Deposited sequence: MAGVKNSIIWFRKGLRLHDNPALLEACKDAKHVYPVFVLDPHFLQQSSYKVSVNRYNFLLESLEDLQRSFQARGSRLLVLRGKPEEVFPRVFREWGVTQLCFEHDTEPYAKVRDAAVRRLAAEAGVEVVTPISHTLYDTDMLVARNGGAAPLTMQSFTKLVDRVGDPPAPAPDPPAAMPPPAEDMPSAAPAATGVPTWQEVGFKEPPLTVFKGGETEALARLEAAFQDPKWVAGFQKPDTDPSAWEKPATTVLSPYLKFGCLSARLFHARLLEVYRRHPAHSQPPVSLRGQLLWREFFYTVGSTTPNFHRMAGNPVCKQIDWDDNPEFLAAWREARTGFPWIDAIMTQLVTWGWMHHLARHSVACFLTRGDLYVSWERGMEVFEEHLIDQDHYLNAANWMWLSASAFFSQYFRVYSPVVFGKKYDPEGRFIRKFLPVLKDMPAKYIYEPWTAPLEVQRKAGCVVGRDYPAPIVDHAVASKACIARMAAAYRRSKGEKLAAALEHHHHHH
């Protein structure tokens, strides 16, 4: 008989799961498995993203139980767990979604070799990205495109991505009974308290495939908004109703299929001929994700500067004080500090909000390496993606892809074009809730009587600006320009 394992790493969903479909075909028993390293905090990871993962696992548990099955959360490392459950469950097939991250290639190669020794077949379909990213490179002549212009024309020559896979059957082959490594107590989904975290999560975004589909439907409730979507025109200060879809944490963990998202977009585009085109459209946003995945998976040392063939070598400053003030949201610029407070509270900010704080830390004001603020984003972002976090930080620092270092965002003026009243600032920085709007972006310019009346005295309740933007940006521009000369 056939006994299979469907190994979850990414792709925490039931819809568009060709690996799950194969595992259930002609199967007597199916073992849904997620492998959790219980010593991961003994390394970096915030409770916001880790609880998002746990909430996504609890959603899988209810979905499997509704189909007569169960999700098994095995504790330990995959290389040590799988050789045991292969013989214990009489496994003949192992299925999991393909992953192109560096650690994923080392891990999956080791489990493949262990599966061959136990006579287990390995089926690894592609469904985390829109396309077979290795196919895109081969179609382009053996090298990945380096511009969105040429990449968009590559996929247009390939055609539509594959259609989403059909839903799994209403009843699934359950795990075998009385298997010791499948005991319920050892295979349950833990809470954030049990994994070691002390402080509770504060994000307003809940994980799971169910919430992902619900937020997807809410996005397509207004087809004119989907059709005319222009990414650079959205509002970074919108927080009650965010200006974009906020589907990034669900695409990161695979709670939502990128191919289902892409198929729903094509349904809308066929009915609206004046719809927006790449790269500014919603489809173009999925293409930015596919573009950086294609470039990153074929570039060595992509998440670093040294040894990176696509990254420009700049002599960034080793300034721990600027990094600490930026990390702890005490730079003195309320627009910057409010965004960084949103980073650690929600784990998500708008794209242009990430532009403001990344430009401020790097090529704009503080001249700190993009790798340092990178590690800050990697800790708190609930949508942190190894290839997207890296490529966009190389973009904002003018180290890769982007080159117009004369475009420097202002930490004072940028947010005021969207939110002159500072409603976004008063939300995440309640110390300035009573500050008049004339000074909410420049509290240090308010007279001392205004500061006392509002209960926010600069230097006592809110810090002074760490730098003068006119002075700091003038020096940073002249240092980026000289670097590009030797480049």
| item | value |
| --- | --- |
| Deposited positions without coordinates, collected into consecutive stretches in sequence order | 1-3, 47-49, 494-509 |
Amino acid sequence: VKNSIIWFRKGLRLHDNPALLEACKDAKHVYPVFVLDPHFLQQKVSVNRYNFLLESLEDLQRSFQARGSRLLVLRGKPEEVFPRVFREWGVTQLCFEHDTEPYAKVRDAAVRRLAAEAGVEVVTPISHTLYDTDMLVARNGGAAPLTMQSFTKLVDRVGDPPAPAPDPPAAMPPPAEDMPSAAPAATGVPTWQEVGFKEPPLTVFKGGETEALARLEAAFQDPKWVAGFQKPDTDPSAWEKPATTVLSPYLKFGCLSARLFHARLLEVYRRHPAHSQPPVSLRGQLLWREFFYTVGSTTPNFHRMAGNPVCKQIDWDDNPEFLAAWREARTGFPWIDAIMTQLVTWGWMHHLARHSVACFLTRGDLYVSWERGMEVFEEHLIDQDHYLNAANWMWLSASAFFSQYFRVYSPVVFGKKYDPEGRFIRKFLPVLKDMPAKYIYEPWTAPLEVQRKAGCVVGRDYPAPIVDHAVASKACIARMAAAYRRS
From here on, numbers count along this sequence of modelled residues.
query: Stretch with the higher entry mean CA B-factor, where the candidates are 93-101 and 144-152; finding: 144-152
query: Of 382-390 and 154-162, the one with larger mean CA B-factor; finding: 154-162
query: Highest-ranked of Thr445, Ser63, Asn48, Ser56 once sorted by CA temperature factor in the record; finding: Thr445
query: Options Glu217, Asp235, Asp222, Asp315 - largest CA temperature factor per the record; finding: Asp315
query: Chain-wide C-alpha B factor ranking for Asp337, given as lowest, middle or highest third; finding: lowest
query: CA B-factor ranking of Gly68, expressed as a third of its chain; finding: middle
query: Within-chain third of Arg259 by Cα B-factor, per the entry; finding: lowest
query: Third of the chain, ranked by Cα B-factor, where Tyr405 sits; finding: highest
query: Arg479 - Cα temperature factor, lowest/middle/highest third of chain; finding: highest
